[PDB]
Amino acid sequence: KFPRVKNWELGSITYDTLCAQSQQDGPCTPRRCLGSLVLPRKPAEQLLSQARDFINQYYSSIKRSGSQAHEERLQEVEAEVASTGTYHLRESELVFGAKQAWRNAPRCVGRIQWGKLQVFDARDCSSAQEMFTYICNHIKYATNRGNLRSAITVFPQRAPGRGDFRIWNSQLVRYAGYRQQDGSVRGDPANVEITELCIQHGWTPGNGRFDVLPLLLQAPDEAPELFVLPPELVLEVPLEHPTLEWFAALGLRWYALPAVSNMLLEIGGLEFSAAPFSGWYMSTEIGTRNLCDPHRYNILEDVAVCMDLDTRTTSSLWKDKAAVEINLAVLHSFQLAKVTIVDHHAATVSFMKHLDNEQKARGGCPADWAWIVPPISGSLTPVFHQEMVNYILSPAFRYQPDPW
Amino acid sequence: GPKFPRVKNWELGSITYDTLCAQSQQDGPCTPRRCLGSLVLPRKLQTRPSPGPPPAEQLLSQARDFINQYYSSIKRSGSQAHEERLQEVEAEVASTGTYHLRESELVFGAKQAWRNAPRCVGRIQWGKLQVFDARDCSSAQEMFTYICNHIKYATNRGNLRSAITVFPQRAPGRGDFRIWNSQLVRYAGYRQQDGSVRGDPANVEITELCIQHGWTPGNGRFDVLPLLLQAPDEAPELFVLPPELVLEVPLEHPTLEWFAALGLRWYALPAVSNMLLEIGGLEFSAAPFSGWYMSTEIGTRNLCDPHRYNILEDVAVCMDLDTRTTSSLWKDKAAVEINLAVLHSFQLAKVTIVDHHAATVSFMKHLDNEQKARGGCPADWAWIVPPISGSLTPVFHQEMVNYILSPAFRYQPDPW
Ligand code: HEM
Ligand code: HEM
Ligand SMILES: CN(C)Cc1cccc(OCc2ccc3ccc(N)nc3c2)c1
Ligand SMILES: CN(C)Cc1cccc(OCc2ccc3ccc(N)nc3c2)c1
Ligand SMILES: C[C@H](O)[C@H](O)[C@H]1CNc2nc(N)[nH]c(=O)c2N1
Ligand SMILES: C[C@H](O)[C@H](O)[C@H]1CNc2nc(N)[nH]c(=O)c2N1
Ligand SMILES: [Zn+2]
């Protein structure tokens with residue numbers, strides 16, 4: 001019926017009653033579980049039902065359900081949809097909806113912070129140039145000279161028979177990946193495609209490993225336009241290691257601000273195709289995935305050699321030893337630069353506290369175990385031993401197709 | 001394109017479709033409304049015994065399916081021998097309520113059970129399983145003899161060999177054969193008056209049952225438990241394994257000389273003894289099986305889990321790490337050195353062990369073999385990805401599809 005959920009380290013049991021509130025299908029069926037898949041394989045009454053549920057969530061949140069303001073707002077939404085096929089959110093509803101979307105995101109380990117989100121209303125944007133200005137202000141606010149603050153900027157919603165507002169880049173700050181025809185990639189191989197799009201739209205490329213990409217910004221039914229971010233706006237952290245003096249010589253660095261810009265924000269049936277949001281990094285994202293993934297910067301063997309490890313055999317655990325030191329260098333370097341960062345132990349501990357808050361608040365918390373457990377030191381963190389239930393609640397952040 | 005799950009490897013960018021899941025005839029725990037993939041023991045993965053024999057319709061359909069699988073495996077599907085075996089099973093069930101497997105069917109069935117196990121990273125080895133037929137066993141003393149022979153064969157003085165020994169199946173109006181212990185080799189867990197546990201806290205309940213049944217307990221951290229063996233409709237009997245049969249490896253570290261002084265050790269043979277082997281509707285409640293260890297099982301889980309031996313802080317203190325702050329990564333540093341000690345010690349002792357990198361690399365090869373052979377491979381990502389260094393292994397970047405195929409190894413309730 002409702003899932004019984006166990007923590008194997010503590011022996012404690014909870015029951016998730018919240019999942020009964022999900023109205024959207026995931027990929028699993030009783031025949032087979034597709035929980036480890038990264039992406040999904042793929043009128044008026046529906047919109048109105050999603051709108052009413054959301055308006056109901058909103059008036060409940062301010063302890064005013066059943067108030068006359070509640071009923072009048074439901075009548076406004078209904079009148080707008082019945083007449084125009086769509087409707088519009090008040091700013092206060094948008095703020096609430098953006099926070100709920102973060103709270104509802106099953107793959108985010110940072111949700112203890114969900115109530116602390118600066119929401120920028122950019123819905124009065126009519127051009128790519130205007131989008132750029134809003135983006136620069138977001139970056140400035142969020143960066144805050146290294147004292148990072150979570151934020152989201154919301155551009156105009158999707159509308160019928162009109163193109164979307166889109167940011168083509170997957171994050172506001174990304175490093176170029178240049179495909180040298182002799183196979184290799186200089187820079188970040190995750191970004192080869194976006195890099196080439198930038199060049200063919202007129203960007204003069206560099207040839208470095210850490211060249212910050214310009215933004216491709218698209219207003220409805222227009223070709224995207226190219227915008228170089230003012231270098232003063234892009235905070236970056238040089239990587240050094242507390243005891244290995246040679247580490248600094250690797251020339252490694254990463255940017256301070258993780259700002260995802262290609263997700264769709266869905267609130268009350270309305271869809272915001274451009275709504276970039278930013279937090280701060282957990283160290284393993286940079287140290288383990290971005291730097292050590294074989295299909296990313298792939299620096300493991302380089303670091304292992306500098307540590308004089310036996311690279312000839314798996315059983316020497318050279319990969320494990322190198323990864324630890326790289327992760328240590330990330331933490332040390334961000335701490336030395338006074339740039340906000342969280343290690344995976346601290347993060348997972350705060351997530352356990354979040355699960356407990358949410359059990360009391362809502363009777364559950366949607367969580368994707370495969371994403372919540374960090375990519376190194378899995379069972380050394382408390383989340384590994386915690387059973388989790390994954391389901392989709394709205395408001396939500398969703399994936400959407402690339403605009404090209 | 002095709003109406004089957006599309007499965008991507010994000011490291012290589014390669015795509016497959018699992019068509020094998022179309023053969024599953026048993027629901028897992030997930031629904032479109034919520035995924036329960038991370039649950040260790042959801043009710044859908046549980047079983048329970050029946051006193052009265054199963055509805056013959058239910059048994060016959062499972063039996064027919066398995067006979068069909070067997071005759072397909074030997075390339076004789078549709079043959080006269082295939083039809084005659086089907087008629088034979090149906091008549092057997094008609095007169096007796098159950099049926100019995102030929103020796104070659106049992107061998108095929110046991111191997112297919114392992115091949116089908118979604119939580120096993122060691123399945124590249126599935127075709128090399130020594131199947132010991134112990135279906136003639138009629139006493140706890142005889143079960144003990146078979147178990148000792150299994151242990152001697154499988155241990156092979158450190159050159160470990162995969163093996164399973166199958167005791168008589170569940171039968172209408174007769175008690176089960178059961179091994180009460182969860183593995184053939186386990187360390188005792190003694191609850192102390194302060195509330196803590198000396199030994200393996202995983203084994204507190206089984207330790208206390210052994211004591212209740214007449215075992216005189218030790219008081220060490222690595223005391224090997226006796227076996228509680230149960231023949232049909234009898235109280236379990238207590239058997240002590242002769243010490244020379246139980247191969248153990250003392251743990252040392254290749255460079256940290258003090259590590260040996262910690263007095264740690266682990267046993268060579270991982271031999272699970274409490275799972276149910278189901279083949280064609282027949283239930284083998286006692287069918288212990290053994291392979292060899294992957295190092296993270298010992299070094300990360302058994303030694304470092306907070307609810308197991310929990311040695312992380314002790315090792316980190318010895319390495320003079322800062323244990324007062326998360327960002328020093330002391331847990332990560334200590335864990336690597338413990339895992340290295342396990343690998344080094346087993347290699348020095350010439351006892352088979354596989355590191356987690358080598359194991360996951362071999363599992364990727366298994367996935368490719370199985371894509372060609374069967375059109376897929378049921379796999380539980382949470383269990384296949386190792387408990388340290390996850391994304392440093394190739395399996396982390398491979399999407400997987402999890403589903404239940406039979407023959408199968410299944411969980412069953414404790415006999416007490
Ligand atoms: C404040 C500090 C934050 C931390 C430490 C954090 C941490 C993380 C991590 C480690 C992941 C997995 C990322 C990956 O492996 O690529 C993640 C995913 C995610 N985060 Fe958070 N996050 C934070 C803030 C935010 C904010 C402000 C939002 C939105 C308002 C957000 C929404 C999401 C979403 C939707 C995902 C899933 C992305 C996907 O499915 O691809 N996070 N977060
Ligand atoms: C040959 C070397 C083998 C290796 C390296 C290996 C490796 C592993 C590992 C690491 C696990 C996860 C266990 C845990 O985390 O507790 C596992 C699970 C499992 N293995 Fe294998 N295994 C091997 C042989 C076998 C054999 C011979 C069988 C049966 C014939 C088998 C059947 C299973 C089953 C049924 C599970 C799931 C257990 C559960 O769900 O609790 N394995 N294996
Ligand atoms: C499917 N994804 C891997 C694609 C992708 C591309 C670019 C970035 C990305 O990150 C997801 C994400 C989202 C929000 C985050 C918030 C804070 C944070 N530290 N990391 C985050 C990471 C994910
Ligand atoms: C659900 N589990 C935690 C219960 C349990 C208790 C005792 C042992 C156990 O291990 C599972 C298992 C099964 C077969 C294996 C084969 C080889 C191997 N190296 N490890 C295995 C590990 C699992
Ligand atoms: C195939 C697998 O689902 C994929 O590699 C997932 C695993 N877990 C993850 N967890 C996080 N946080 N981020 C990821 O990109 C992934 N990738
Ligand atoms: C809660 C979670 O499912 C549990 O801790 C799982 C995770 N993955 C695992 N993976 C393996 N191989 N063995 C385990 O016991 C577990 N435990
Ligand atoms: Zn699932």
# chains A, B, ... in the order shown; residues from 1 in each chain; ligands from 1
$ select_by_dssp --residues "segment 59-291 of chain B" --states "strand (DSSP E)" --output "VMD selection string"
chain B and resid 130 to 133 163 to 166 178 to 179 189 to 191 197 to 199 227 to 230 237 to 239 248 to 250 265 to 267 271 to 272 276 to 279 282 to 284 289 to 290
$ residues_near_ligand --ligand "ligand 1" --cutoff "8 Å" --atoms "only C-alpha atoms and all ligand atoms" --output "VMD selection string"
chain A and resid 38 98 to 99 101 to 102 105 to 111 113 to 114 117 149 to 152 263 277 to 282 284 to 285 289 341 to 342 347 371 to 372 374 396 to 399
$ write_last_selection --atoms "N, CA and C atoms" --output "mmCIF file, in the first residue's frame"
data_model
loop_
_atom_site.group_PDB
_atom_site.id
_atom_site.type_symbol
_atom_site.label_atom_id
_atom_site.label_comp_id
_atom_site.auth_asym_id
_atom_site.auth_seq_id
_atom_site.Cartn_x
_atom_site.Cartn_y
_atom_site.Cartn_z
ATOM 1 N N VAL A 38 18.962 7.642 -16.501
ATOM 2 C CA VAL A 38 19.130 9.091 -16.323
ATOM 3 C C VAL A 38 17.958 9.925 -16.880
ATOM 4 N N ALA A 98 8.538 28.020 -6.988
ATOM 5 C CA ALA A 98 9.954 27.731 -7.244
ATOM 6 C C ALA A 98 10.591 26.994 -6.059
ATOM 7 N N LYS A 99 10.275 27.431 -4.842
ATOM 8 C CA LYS A 99 10.805 26.753 -3.662
ATOM 9 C C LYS A 99 10.269 25.321 -3.565
ATOM 10 N N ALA A 101 9.333 23.430 -6.027
ATOM 11 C CA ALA A 101 9.999 22.634 -7.054
ATOM 12 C C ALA A 101 11.356 22.126 -6.569
ATOM 13 N N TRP A 102 12.078 22.970 -5.849
ATOM 14 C CA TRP A 102 13.369 22.547 -5.328
ATOM 15 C C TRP A 102 13.135 21.481 -4.248
ATOM 16 N N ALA A 105 12.527 18.034 -5.667
ATOM 17 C CA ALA A 105 13.502 17.447 -6.608
ATOM 18 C C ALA A 105 14.202 16.202 -6.042
ATOM 19 N N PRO A 106 13.854 15.015 -6.552
ATOM 20 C CA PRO A 106 14.311 13.790 -5.876
ATOM 21 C C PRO A 106 15.833 13.558 -5.961
ATOM 22 N N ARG A 107 16.492 14.154 -6.952
ATOM 23 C CA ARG A 107 17.928 13.948 -7.136
ATOM 24 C C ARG A 107 18.828 14.968 -6.417
ATOM 25 N N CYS A 108 18.223 15.914 -5.703
ATOM 26 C CA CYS A 108 19.013 16.954 -5.019
ATOM 27 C C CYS A 108 19.326 16.634 -3.550
ATOM 28 N N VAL A 109 20.613 16.518 -3.208
ATOM 29 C CA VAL A 109 21.029 16.244 -1.821
ATOM 30 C C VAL A 109 21.054 17.526 -0.969
ATOM 31 N N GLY A 110 20.883 18.679 -1.615
ATOM 32 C CA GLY A 110 21.018 19.953 -0.919
ATOM 33 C C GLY A 110 19.711 20.573 -0.437
ATOM 34 N N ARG A 111 18.670 19.756 -0.340
ATOM 35 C CA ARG A 111 17.345 20.298 -0.077
ATOM 36 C C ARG A 111 17.069 20.781 1.336
ATOM 37 N N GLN A 113 18.266 23.233 2.375
ATOM 38 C CA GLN A 113 18.290 24.666 2.105
ATOM 39 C C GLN A 113 17.034 25.215 1.397
ATOM 40 N N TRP A 114 16.038 24.362 1.135
ATOM 41 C CA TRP A 114 14.995 24.681 0.146
ATOM 42 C C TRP A 114 14.195 25.948 0.414
ATOM 43 N N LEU A 117 15.791 30.616 -0.826
ATOM 44 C CA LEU A 117 15.980 30.706 -2.267
ATOM 45 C C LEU A 117 15.557 32.098 -2.689
ATOM 46 N N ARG A 149 24.901 32.400 -2.551
ATOM 47 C CA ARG A 149 23.504 32.426 -2.141
ATOM 48 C C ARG A 149 22.685 31.760 -3.231
ATOM 49 N N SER A 150 21.794 30.851 -2.856
ATOM 50 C CA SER A 150 20.963 30.168 -3.844
ATOM 51 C C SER A 150 19.960 31.128 -4.471
ATOM 52 N N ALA A 151 19.729 30.970 -5.772
ATOM 53 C CA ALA A 151 18.858 31.879 -6.504
ATOM 54 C C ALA A 151 18.296 31.237 -7.766
ATOM 55 N N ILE A 152 17.165 31.759 -8.222
ATOM 56 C CA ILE A 152 16.593 31.355 -9.494
ATOM 57 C C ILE A 152 16.017 32.597 -10.169
ATOM 58 N N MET A 263 16.961 23.384 -17.565
ATOM 59 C CA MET A 263 15.813 22.625 -17.047
ATOM 60 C C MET A 263 14.525 23.426 -17.171
ATOM 61 N N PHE A 277 18.905 28.301 -12.282
ATOM 62 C CA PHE A 277 19.000 28.339 -10.834
ATOM 63 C C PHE A 277 20.400 27.955 -10.388
ATOM 64 N N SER A 278 20.812 28.438 -9.221
ATOM 65 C CA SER A 278 22.174 28.150 -8.768
ATOM 66 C C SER A 278 22.225 27.906 -7.272
ATOM 67 N N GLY A 279 23.185 27.091 -6.839
ATOM 68 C CA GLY A 279 23.381 26.852 -5.417
ATOM 69 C C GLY A 279 24.845 27.039 -5.114
ATOM 70 N N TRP A 280 25.419 26.057 -4.436
ATOM 71 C CA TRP A 280 26.864 25.963 -4.315
ATOM 72 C C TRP A 280 27.247 24.508 -4.546
ATOM 73 N N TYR A 281 28.524 24.254 -4.820
ATOM 74 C CA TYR A 281 28.964 22.904 -5.137
ATOM 75 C C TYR A 281 29.128 22.038 -3.908
ATOM 76 N N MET A 282 28.877 20.747 -4.099
ATOM 77 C CA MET A 282 29.362 19.711 -3.192
ATOM 78 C C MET A 282 30.653 19.230 -3.829
ATOM 79 N N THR A 284 32.424 16.575 -4.382
ATOM 80 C CA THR A 284 32.549 15.403 -5.253
ATOM 81 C C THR A 284 32.083 15.662 -6.690
ATOM 82 N N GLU A 285 31.215 16.658 -6.887
ATOM 83 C CA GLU A 285 30.796 17.028 -8.249
ATOM 84 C C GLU A 285 31.989 17.472 -9.071
ATOM 85 N N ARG A 289 33.432 13.718 -10.199
ATOM 86 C CA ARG A 289 32.808 13.590 -11.507
ATOM 87 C C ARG A 289 33.466 14.470 -12.588
ATOM 88 N N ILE A 341 31.562 25.898 -0.218
ATOM 89 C CA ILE A 341 31.550 24.530 -0.719
ATOM 90 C C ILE A 341 31.153 23.554 0.395
ATOM 91 N N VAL A 342 30.560 22.426 0.033
ATOM 92 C CA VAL A 342 30.223 21.437 1.058
ATOM 93 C C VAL A 342 30.824 20.079 0.698
ATOM 94 N N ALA A 347 27.198 17.111 3.534
ATOM 95 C CA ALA A 347 25.993 17.183 2.705
ATOM 96 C C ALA A 347 25.014 16.050 3.002
ATOM 97 N N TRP A 371 21.257 8.939 -7.053
ATOM 98 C CA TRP A 371 21.815 10.293 -7.156
ATOM 99 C C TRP A 371 22.179 10.874 -5.817
ATOM 100 N N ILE A 372 21.523 10.426 -4.754
ATOM 101 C CA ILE A 372 21.769 11.020 -3.442
ATOM 102 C C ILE A 372 23.071 10.466 -2.842
ATOM 103 N N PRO A 374 26.751 9.635 -2.739
ATOM 104 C CA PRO A 374 27.849 10.258 -3.486
ATOM 105 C C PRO A 374 28.672 9.255 -4.294
ATOM 106 N N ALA A 396 7.711 21.073 -10.130
ATOM 107 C CA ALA A 396 8.855 20.208 -10.377
ATOM 108 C C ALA A 396 9.810 20.849 -11.370
ATOM 109 N N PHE A 397 11.084 20.476 -11.274
ATOM 110 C CA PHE A 397 12.033 20.725 -12.353
ATOM 111 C C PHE A 397 12.068 19.493 -13.252
ATOM 112 N N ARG A 398 11.980 19.704 -14.572
ATOM 113 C CA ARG A 398 11.990 18.618 -15.550
ATOM 114 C C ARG A 398 13.065 18.831 -16.601
ATOM 115 N N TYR A 399 13.490 17.740 -17.241
ATOM 116 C CA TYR A 399 14.316 17.848 -18.433
ATOM 117 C C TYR A 399 13.451 18.262 -19.620
#
$ residues_around --residues "segment 147-150 of chain B" --least-positions-apart "2" --cutoff "8 Å" --atoms "only C-alpha atoms" --output "NGL selection string"
:B and (132 or 143-145 or 152-154 or 163-165 or 241 or 245)
$ closest_residue --among "B:240, B:401, B:367, B:353" --to "ligand 7" --atoms "only C-alpha atoms and all ligand atoms"
B:401
$ residues_near_ligand --ligand "ligand 5" --cutoff "6 Å" --atoms "only C-alpha atoms and all ligand atoms" --output "list in words"
residues 36, 37, 38, 370, 371 and 372 of chain A; 396, 397, 398 and 399 of chain B
$ residues_near_ligand --ligand "ligand 4" --cutoff "9 Å" --atoms "only C-alpha atoms and all ligand atoms" --output "count of residues only"
30
$ interface_residues --of "chain A" --to "chain B" --cutoff "6 Å" --atoms "only C-alpha atoms" --output "VMD selection string"
chain A and resid 9 25 to 26 28 to 34 36 to 37 295 315 343 345 375 to 379 387 389 to 391
$ atom_distance --atom1 "atom CA of residue 260 of chain A" --atom2 "atom 1 (C, counted along the ligand's line) of ligand 3"
10.4 Å
$ closest_residue --among "B:222, B:4, B:215, B:416" --to "residue 197 of chain B" --atoms "only C-alpha atoms"
B:222
$ residues_around --residues "residue 107 of chain B" --least-positions-apart "5" --cutoff "10 Å" --atoms "only C-alpha atoms" --output "PDB file with N, CA and C atoms, in the first residue's frame"
ATOM      1  N   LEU B 101      13.325 -33.448 -10.283  1.00  0.00           N
ATOM      2  CA  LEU B 101      14.195 -33.044 -11.383  1.00  0.00           C
ATOM      3  C   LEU B 101      15.236 -34.109 -11.679  1.00  0.00           C
ATOM      4  N   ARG B 102      15.492 -34.328 -12.960  1.00  0.00           N
ATOM      5  CA  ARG B 102      16.650 -35.107 -13.362  1.00  0.00           C
ATOM      6  C   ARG B 102      17.914 -34.356 -12.981  1.00  0.00           C
ATOM      7  N   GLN B 112      21.409 -21.415 -13.782  1.00  0.00           N
ATOM      8  CA  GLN B 112      20.531 -20.373 -14.296  1.00  0.00           C
ATOM      9  C   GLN B 112      20.074 -19.467 -13.150  1.00  0.00           C
ATOM     10  N   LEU B 129      30.095 -23.588 -12.194  1.00  0.00           N
ATOM     11  CA  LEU B 129      29.572 -23.793 -10.859  1.00  0.00           C
ATOM     12  C   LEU B 129      29.606 -25.297 -10.681  1.00  0.00           C
ATOM     13  N   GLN B 130      30.224 -25.782  -9.608  1.00  0.00           N
ATOM     14  CA  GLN B 130      30.172 -27.202  -9.324  1.00  0.00           C
ATOM     15  C   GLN B 130      28.890 -27.479  -8.540  1.00  0.00           C
ATOM     16  N   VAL B 131      28.000 -28.288  -9.107  1.00  0.00           N
ATOM     17  CA  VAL B 131      26.736 -28.586  -8.440  1.00  0.00           C
ATOM     18  C   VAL B 131      26.825 -29.939  -7.729  1.00  0.00           C
ATOM     19  N   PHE B 132      26.787 -29.915  -6.397  1.00  0.00           N
ATOM     20  CA  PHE B 132      26.744 -31.142  -5.605  1.00  0.00           C
ATOM     21  C   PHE B 132      25.293 -31.526  -5.307  1.00  0.00           C
ATOM     22  N   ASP B 133      24.897 -32.710  -5.760  1.00  0.00           N
ATOM     23  CA  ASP B 133      23.544 -33.220  -5.563  1.00  0.00           C
ATOM     24  C   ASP B 133      23.470 -33.928  -4.203  1.00  0.00           C
ATOM     25  N   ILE B 164      27.758 -25.250  -5.244  1.00  0.00           N
ATOM     26  CA  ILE B 164      26.506 -25.275  -4.509  1.00  0.00           C
ATOM     27  C   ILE B 164      26.183 -26.717  -4.149  1.00  0.00           C
ATOM     28  N   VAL B 166      22.938 -29.057  -3.013  1.00  0.00           N
ATOM     29  CA  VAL B 166      21.477 -29.001  -2.973  1.00  0.00           C
ATOM     30  C   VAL B 166      20.883 -30.146  -2.145  1.00  0.00           C
TER      31      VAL B 166
END
$ select_by_dssp --residues "segment 170-407 of chain B" --states "helix (DSSP H, G or I)" --output "PyMOL selection string"
chain B and resi 201-212+243-245+257-262+295-304+312-318+326-328+330-348+356-374+381-384+390-392+394-397
$ atom_distance --atom1 "atom CA of residue 179 of chain A" --atom2 "atom CA of residue 306 of chain A"
26.5 Å
$ atom_distance --atom1 "atom CA of residue 151 of chain B" --atom2 "atom 1 (C, counted along the ligand's line) of ligand 2"
14.4 Å
$ residues_around --residues "residue 189 of chain A" --least-positions-apart "2" --cutoff "12 Å" --atoms "only C-alpha atoms" --output "compact mmCIF listing (two decimals) with N, CA, C and O atoms, in the first residue's frame"
# COMPACT_ATOMS: atom_id res chain seq x y z
N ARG A 174 30.38 27.26 -18.11
CA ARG A 174 30.82 25.97 -18.64
C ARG A 174 32.15 26.22 -19.30
O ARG A 174 32.36 27.29 -19.86
N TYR A 175 33.04 25.23 -19.29
CA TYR A 175 34.30 25.35 -20.01
C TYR A 175 34.17 24.75 -21.41
O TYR A 175 33.48 23.74 -21.60
N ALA A 176 34.84 25.37 -22.39
CA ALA A 176 34.79 24.90 -23.77
C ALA A 176 35.41 23.52 -23.89
O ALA A 176 36.28 23.15 -23.09
N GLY A 177 34.98 22.79 -24.91
CA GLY A 177 35.62 21.53 -25.27
C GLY A 177 35.90 21.57 -26.76
O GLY A 177 34.97 21.58 -27.58
N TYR A 178 37.18 21.62 -27.11
CA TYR A 178 37.59 21.73 -28.50
C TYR A 178 38.06 20.39 -29.02
O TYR A 178 39.04 19.84 -28.53
N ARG A 179 37.36 19.87 -30.02
CA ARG A 179 37.71 18.58 -30.62
C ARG A 179 38.87 18.67 -31.61
O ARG A 179 38.67 19.02 -32.77
N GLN A 180 40.08 18.35 -31.16
CA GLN A 180 41.23 18.27 -32.06
C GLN A 180 41.03 17.02 -32.92
O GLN A 180 40.94 15.92 -32.38
N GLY A 183 41.31 12.92 -32.66
CA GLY A 183 40.62 12.17 -31.62
C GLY A 183 40.31 12.91 -30.33
O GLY A 183 39.16 12.99 -29.91
N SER A 184 41.34 13.45 -29.70
CA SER A 184 41.21 14.02 -28.36
C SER A 184 40.30 15.25 -28.28
O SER A 184 39.87 15.80 -29.29
N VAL A 185 39.99 15.65 -27.05
CA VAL A 185 39.26 16.87 -26.80
C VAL A 185 40.08 17.71 -25.84
O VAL A 185 40.52 17.21 -24.79
N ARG A 186 40.32 18.96 -26.19
CA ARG A 186 40.94 19.89 -25.26
C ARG A 186 39.84 20.63 -24.51
O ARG A 186 38.95 21.22 -25.13
N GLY A 187 39.89 20.59 -23.18
CA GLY A 187 38.85 21.19 -22.37
C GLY A 187 37.87 20.15 -21.86
O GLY A 187 38.27 19.01 -21.56
N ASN A 191 31.16 19.37 -23.28
CA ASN A 191 30.71 20.62 -23.90
C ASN A 191 31.10 20.82 -25.36
O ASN A 191 30.97 21.92 -25.89
N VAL A 192 31.55 19.76 -26.01
CA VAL A 192 31.93 19.83 -27.42
C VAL A 192 30.82 20.41 -28.31
O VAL A 192 31.06 21.28 -29.14
N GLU A 193 29.60 19.92 -28.13
CA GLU A 193 28.49 20.33 -28.97
C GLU A 193 28.14 21.81 -28.78
O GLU A 193 28.09 22.57 -29.75
N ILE A 194 27.93 22.23 -27.53
CA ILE A 194 27.62 23.64 -27.27
C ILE A 194 28.77 24.57 -27.71
O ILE A 194 28.53 25.67 -28.22
N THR A 195 30.01 24.09 -27.57
CA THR A 195 31.17 24.86 -28.02
C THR A 195 31.14 25.12 -29.53
O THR A 195 31.40 26.24 -29.99
N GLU A 196 30.82 24.09 -30.29
CA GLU A 196 30.77 24.22 -31.74
C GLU A 196 29.62 25.13 -32.19
O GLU A 196 29.77 25.90 -33.14
N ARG A 209 42.30 24.75 -21.73
CA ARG A 209 41.55 23.67 -21.09
C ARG A 209 40.39 24.21 -20.27
O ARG A 209 39.48 23.45 -19.92
N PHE A 210 40.44 25.49 -19.94
CA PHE A 210 39.43 26.09 -19.07
C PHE A 210 38.90 27.42 -19.60
O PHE A 210 38.82 28.41 -18.85
N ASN A 290 33.50 15.78 -12.38
CA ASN A 290 33.99 16.68 -13.44
C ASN A 290 35.45 16.44 -13.76
O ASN A 290 35.85 16.46 -14.92
N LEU A 291 36.26 16.21 -12.73
CA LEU A 291 37.69 16.01 -12.97
C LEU A 291 38.11 14.56 -13.26
O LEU A 291 39.06 14.34 -13.99
N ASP A 293 35.87 11.61 -14.08
CA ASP A 293 35.10 10.79 -15.02
C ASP A 293 35.96 10.54 -16.26
O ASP A 293 36.65 11.44 -16.75
N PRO A 294 35.93 9.30 -16.77
CA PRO A 294 36.76 8.98 -17.94
C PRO A 294 36.34 9.79 -19.17
O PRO A 294 37.17 10.09 -20.02
N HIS A 295 35.06 10.17 -19.23
CA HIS A 295 34.57 10.97 -20.35
C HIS A 295 34.50 12.47 -20.02
O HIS A 295 33.82 13.23 -20.71
N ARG A 296 35.18 12.90 -18.95
CA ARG A 296 35.32 14.33 -18.65
C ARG A 296 36.82 14.69 -18.68
O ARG A 296 37.53 14.28 -19.59
N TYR A 297 37.31 15.45 -17.70
CA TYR A 297 38.73 15.83 -17.74
C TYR A 297 39.66 14.63 -17.53
O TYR A 297 40.83 14.67 -17.95
N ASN A 298 39.15 13.58 -16.89
CA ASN A 298 39.86 12.29 -16.82
C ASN A 298 41.31 12.41 -16.30
O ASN A 298 42.25 11.91 -16.93
N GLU B 11 29.39 6.64 -20.15
CA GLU B 11 30.83 6.71 -20.40
C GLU B 11 31.15 6.53 -21.89
O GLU B 11 31.95 7.28 -22.45
$ decode --residues "segment 267-283 of chain B" --atoms "C-alpha atoms" --output "mmCIF file, in the first residue's frame"
data_model
loop_
_atom_site.group_PDB
_atom_site.id
_atom_site.type_symbol
_atom_site.label_atom_id
_atom_site.label_comp_id
_atom_site.auth_asym_id
_atom_site.auth_seq_id
_atom_site.Cartn_x
_atom_site.Cartn_y
_atom_site.Cartn_z
ATOM 1 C CA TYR B 267 37.527 -15.962 6.542
ATOM 2 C CA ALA B 268 38.276 -17.060 2.961
ATOM 3 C CA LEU B 269 34.947 -18.590 1.941
ATOM 4 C CA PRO B 270 31.776 -16.564 1.441
ATOM 5 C CA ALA B 271 29.170 -19.312 1.648
ATOM 6 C CA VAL B 272 25.556 -18.149 1.843
ATOM 7 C CA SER B 273 23.298 -20.741 3.408
ATOM 8 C CA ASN B 274 19.881 -19.226 4.090
ATOM 9 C CA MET B 275 18.531 -18.543 0.596
ATOM 10 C CA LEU B 276 15.814 -20.498 -1.144
ATOM 11 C CA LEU B 277 16.650 -21.998 -4.545
ATOM 12 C CA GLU B 278 13.541 -22.167 -6.731
ATOM 13 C CA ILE B 279 13.577 -24.203 -9.947
ATOM 14 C CA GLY B 280 10.399 -24.901 -11.932
ATOM 15 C CA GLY B 281 8.171 -24.334 -8.892
ATOM 16 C CA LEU B 282 10.211 -26.693 -6.722
ATOM 17 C CA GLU B 283 11.698 -25.160 -3.591
#
